[PDB]
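> this one's experimental. Sequence and coordinates below.
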Amino acid sequence: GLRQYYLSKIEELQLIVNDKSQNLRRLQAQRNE
Amino acid sequence: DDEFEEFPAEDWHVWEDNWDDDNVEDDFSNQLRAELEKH
Amino acid sequence: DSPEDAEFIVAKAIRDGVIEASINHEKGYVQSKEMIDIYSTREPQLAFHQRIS
Amino acid sequence: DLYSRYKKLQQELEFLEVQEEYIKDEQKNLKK
Amino acid sequence: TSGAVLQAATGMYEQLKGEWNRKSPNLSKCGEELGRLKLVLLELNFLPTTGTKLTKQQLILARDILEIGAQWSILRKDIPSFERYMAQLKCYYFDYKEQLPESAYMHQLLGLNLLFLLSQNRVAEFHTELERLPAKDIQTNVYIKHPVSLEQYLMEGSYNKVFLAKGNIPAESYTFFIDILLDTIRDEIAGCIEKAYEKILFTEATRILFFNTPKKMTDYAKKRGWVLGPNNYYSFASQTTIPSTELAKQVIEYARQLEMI
Amino acid sequence: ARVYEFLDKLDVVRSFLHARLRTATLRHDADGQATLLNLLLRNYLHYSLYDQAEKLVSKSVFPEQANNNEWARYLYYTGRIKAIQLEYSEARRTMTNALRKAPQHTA
Amino acid sequence: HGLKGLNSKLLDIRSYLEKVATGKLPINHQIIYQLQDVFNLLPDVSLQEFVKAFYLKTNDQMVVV
Amino acid sequence: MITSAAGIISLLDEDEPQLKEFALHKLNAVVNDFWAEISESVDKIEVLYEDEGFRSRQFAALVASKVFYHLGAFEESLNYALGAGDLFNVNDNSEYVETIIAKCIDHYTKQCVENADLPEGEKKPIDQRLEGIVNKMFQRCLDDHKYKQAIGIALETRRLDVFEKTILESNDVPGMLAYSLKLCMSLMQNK
């Protein structure tokens, strides 16, 4: 059960980091330009 | 992309598109002729 | 159907705000308002506000 | 390994808080 | 145990069914018998939860007793009890398509439910349930035509035909849910009169409001409040301010949406 | 769901489809959540359970990151529900959006 | 900033009026003349004609916007 | 199949506790598909639960917790899952119970970290049944040899005693101690 708990929150955080990474790459492109 | 097959399909003028030419009515010639005749 | 139904329909429309008129039952007719100039009101502002937004 | 994904939690916080507002104020001052 | 409870429920049913069908002045004896018999019907699986495959006297017992309970709520003028019974009857009628032969009373009782919804003025739920009725049932069956037609007349403002529904009444049981609707419609008509009719008299306002007694007219005028017709005319003719704050808020919104570029 | 549509029995899938929608809502997969909600709404419409679909729409949140076709289907179903529930402005906006988001070469 | 400045000027006048009414300052007739001239100059924005003009020009500007 | 929970919800209020129990059992049966109707009609099952005279408090709490779970609140759902006492099964390995315990341990960890940060006088008196469920799950992790995960939850929750117990009853004390020290140095921020 706790393995599923971890993997669930871990996947949540993977999604968060992924979308935040797209956002940050856009912001970095703007800043670099 | 998707063909939207969920729903069935039924077998099957550059001027301003107005909803006034649609009126069902006899030609103005016929209307005027009737009005004059009953006049 | 019978004119009484048209009476009540027109009165209900005026109540709902579909029409701004007033019914003279004594003579049995309906007299409409003067159609206050809309451009001198806020309606153009609301339409242009939707479009601008 | 899964508490290493907790390391990934703190990594997510690092991306989110540290760098986003960083780029925001960076581009503001770059406009200036 | 199952057979014993089923047989006891069947006996209680047949007893109540005969009592209600034959004897006219059936009263709280029915209420207490219904209480006991619902307690019994807690067994027999009551409403199947699917997968039961009972093919059992559930039909007779539950459907008939819940129907008679709905009519009992009508006769007692008990809105919550009627609502409970009719929710159960909706569940039985609409859920268990096939395995059931349908009840001739179904359309009548559904129309009665539509009348109830109209009386309580829940038009959205009225239309939602009305959509459940099949097309031809909505279009032809009198029991489903009268409720829908009554809503049509109410929306149009055809209060004359709404009142004539009081004489129409395809089933006499519809009177209870129709009287309250007539009173609410009297209020709605009075509101129409308030907004329209720069001036109105009394002798004809009586027919307009569908009243039959000047004492009722005077009582109703005292309700809300009128001028009583000093010249026999109810003269209820009591019919700038730039929204600067709201407009400034809108313009500031324009500026902010332009400047967050 | 299409197979069961042709079977003519969608109430049988109702339970499994709805539970798997619950699973896809707990696990954040927008595509699965959106498609499952669309199929559930289609089933509810087919059986004329507009009130059930009304509660489902009210208490379920569609994923904004769904493809144009799932958006079109969901908007159409929501618009029909609103039209029956007598919310005509919502019906108009959702349905116009559905038409605009539907593919213009087929469907 | 202009609203803030107007508020500051009004607060100064209000404080002076407080002082005069209580008695610290003698009546200054020129100042009172000026004050009542201002208060009379204050316009009315509910005349049913200024409102129509305001709406007409507001729409004439919103069309351009 | 069943097309509406309106009848069962109506049964939920009949003045007969027998009828209420039957309707509530059927609600537990059909919630997985009709949580939206019970979602609309939660208030009556609520008051039914708060009514202590009715002798189905735990089962009513379970049903309401299932409903709130399906809504996604995960706070009232957790509250009523705990209010169910011992009726809810932790070994029935369903998604509902797994997510309920996940939210339970998340709430417990949050409250525990806040409590540890606060002074030593008064915290937010912790729900002993919450502590019991989290300890049950600790025991499950100890039985199924996931000592890494046990230590992770222990550090997350600030359960020093549980962390010590799991490392002591581990099958490799040096390895578990190395793991503990490495992670503690790498991540522990609170002095």
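Noted; the coordinates are in hand. Residues are numbered from 1 along each chain as shown, chains lettered A, B, ... in the order given.
> CA atoms for contacts and neighbours, from now on please.
Noted.
> which residue ranges form the strands in the stretch 151-261 of chain E?
Along the stretch 151-261 of chain E, counting by DSSP state E, counting those that start in this stretch, strands occupy E:200-201, E:233-234.
> and the last one, does that touch chain C?
No - using Cα under 8 Å from any Cα of the partner chain, strand E:233-234 never reaches chain C; the gap is at least 10.6 Å.
> how about the first one?
Yes - using Cα under 8 Å from any Cα, strand E:200-201 reaches chain C at residue E:200.
> each with direction, which strands does that strand pair with?
strand E:233-234 (antiparallel) (DSSP bridges).
> chain G contacts on chain C?
C:39-42, C:44-45, C:48-49, C:52.
> which two in those are spaced the farthest apart?
C:40 and C:52 (19.6 Å; Cα to Cα).
> picking that back up, so which of the residues of chain C next to chain G belong to strands?
Judged by DSSP state E, strands contain none of these.
> mind giving me the PyMOL command for buried ones among these?
To isolate the buried ones among these in PyMOL, judged by 16 or more other Cα atoms under 10 Å in any protein chain shown, type:
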select buried, chain C and resi 39+40+41+42+44+45+48+49
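> out of the residues of chain C next to chain G, which one sits closest to chain A?
Closest approach between those and chain A, by Cα to the nearest Cα: residue C:52, at 27.4 Å.
> from chain D, which residue is nearest to chain H?
Relative to chain H, the nearest point of chain D is residue D:3 (5.7 Å; Cα to the nearest Cα).
> which element is that residue on?
Using DSSP states H and E, residue D:3 sits in helix D:2-13.
> quick one: buried residues of that helix?
D:3, D:5-6, D:8-9, D:12.
> one more: stretch B:20-39?
By 16+ other Cα under 10 Å, stretch B:20-39 has no buried positions at all.
> do the same with stretch H:93-101
Applying 16+ other Cα under 10 Å to stretch H:93-101 flags H:96-101 as buried.
> of all those residues, which two lie farthest apart?
H:96 and H:101 (8.7 Å).
> how about the helices in the chain?
You didn't pick a chain, so chain A it is. Listed in chain order, the helices found in chain A under DSSP state H are A:2-32.
> was after chain H, sorry
Under DSSP H, chain H gives helices at H:6-11, H:17-40, H:42-50, H:57-71, H:76-83, H:95-117, H:128-143, H:147-157, H:160-168, H:173-187.
> possible to save these as CSV with distance to chain D?
Shown next, in CSV, are those (distance: least, Cα to the nearest Cα, whole Å):
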stretch, distance to chain D
helix H:6-11, 43
helix H:17-40, 31
helix H:42-50, 36
helix H:57-71, 25
helix H:76-83, 24
helix H:95-117, 13
helix H:128-143, 14
helix H:147-157, 6
helix H:160-168, 14
helix H:173-187, 7
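> tell me which of those approaches residue C:15 most closely.
So among the helices of chain H, helix H:17-40 is nearest, using Cα to Cα, at 34.5 Å.
> OK, contacts around residue H:79?
residue H:65 (Cα atoms under 8 Å, 6 or more residues apart in numbering or on different chains).
> distance of residue E:233 from chain G?
Distance of residue E:233 to chain G, computed by Cα to the nearest Cα, to the nearest Å: 32 Å.
> do the same with residue H:93
Residue H:93 is 62 Å from chain G, by Cα to the nearest Cα.
> what's the answer for residue F:82, then?
33 Å.
> could you say which helix or strand holds that residue?
helix F:68-84.
> okay, buried residues for that helix please.
The neighbour-count check on helix F:68-84 (16+ other Cα under 10 Å) flags F:69-84 as buried.
> ok, now which ones touch residue E:196?
Residue E:196 neighbours (Cα under 8 Å, 6+ apart): C:11, C:14-15, C:21-23.
> and the residue most central in space within chain D, what does it touch?
For chain D, the residue nearest the mean C-alpha position is residue D:15 (2.5 Å; Cα atoms, centre = their mean). Counting by Cα under 8 Å, 6+ apart, residue D:15 touches A:17, A:20-21.
> quick revisit: which residues sit against the helix holding residue F:82?
By Cα under 8 Å, 6+ apart, helix F:68-84 touches B:2, E:124, E:127-128, F:34-35, F:37-38, F:41-42, F:45, F:50, F:53-54, F:57, F:88, F:90-95, F:97-103.
> show me those residues that map onto helices.
Short answer: these in helices (DSSP H) are E:124, E:127-128, F:34-35, F:37-38, F:41-42, F:45, F:50, F:53-54, F:57, F:88, F:90-95, F:97-101.
> PyMOL command for the buried members of those residues?
To isolate the buried ones among the ones in helices among the contacts of helix F:68-84 in PyMOL, judged by 16+ other Cα under 10 Å, type:
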select buried, (chain E and resi 124+127+128) or (chain F and resi 34+35+37+38+41+42+45+50+53+54+57+90+91+92+94+95+97+98+101)
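> near chain F, which residues of chain B are found?
B:1-6.
> out of these, who's near chain E?
Answer for those near chain E: none qualify (Cα under 8 Å from any Cα).
> which one of those is nearest chain D?
residue B:1 (35.4 Å).
> show me the helices in chain B, by range?
Using DSSP H, helices in chain B cover B:28-38.
> coming back round to it: now for the residue of chain D closest to chain H: which residues touch it?
With contact taken as Cα under 8 Å, 6+ apart, residue D:3 is in contact with H:148-149, H:152.
> nearest to chain G among the buried residues of stretch H:93-101?
Distance to chain G across the buried residues of stretch H:93-101 (Cα to the nearest Cα) is lowest for residue H:99, with 52.8 Å.
> distance check, residue F:74 against residue E:132.
To residue E:132, residue F:74 is 22 Å away according to Cα to Cα, to the nearest Å.
> right, and the helices of chain H - which one's nearest residue G:17?
Across the helices of chain H, closest to residue G:17 is helix H:95-117 (Cα to Cα), at 56.2 Å.
> which residue does chain G have closest to chain A?
residue G:65 (29.3 Å).
> looking at chain B, which residue is nearest chain A?
In chain B, the residue that lies nearest chain A is residue B:1 (25.5 Å; Cα to the nearest Cα).
> check contacts around the residue lying closest to that residue once chain neighbours are set aside.
Ranked by Cα to Cα, 6 or more residues apart in numbering or on different chains and with sequence neighbours excluded, the top spatial neighbour of residue B:1 is residue F:103, at 7.4 Å. When contacts are counted by Cα under 8 Å, 6+ apart, residue F:103 touches B:1-2, F:68-69.
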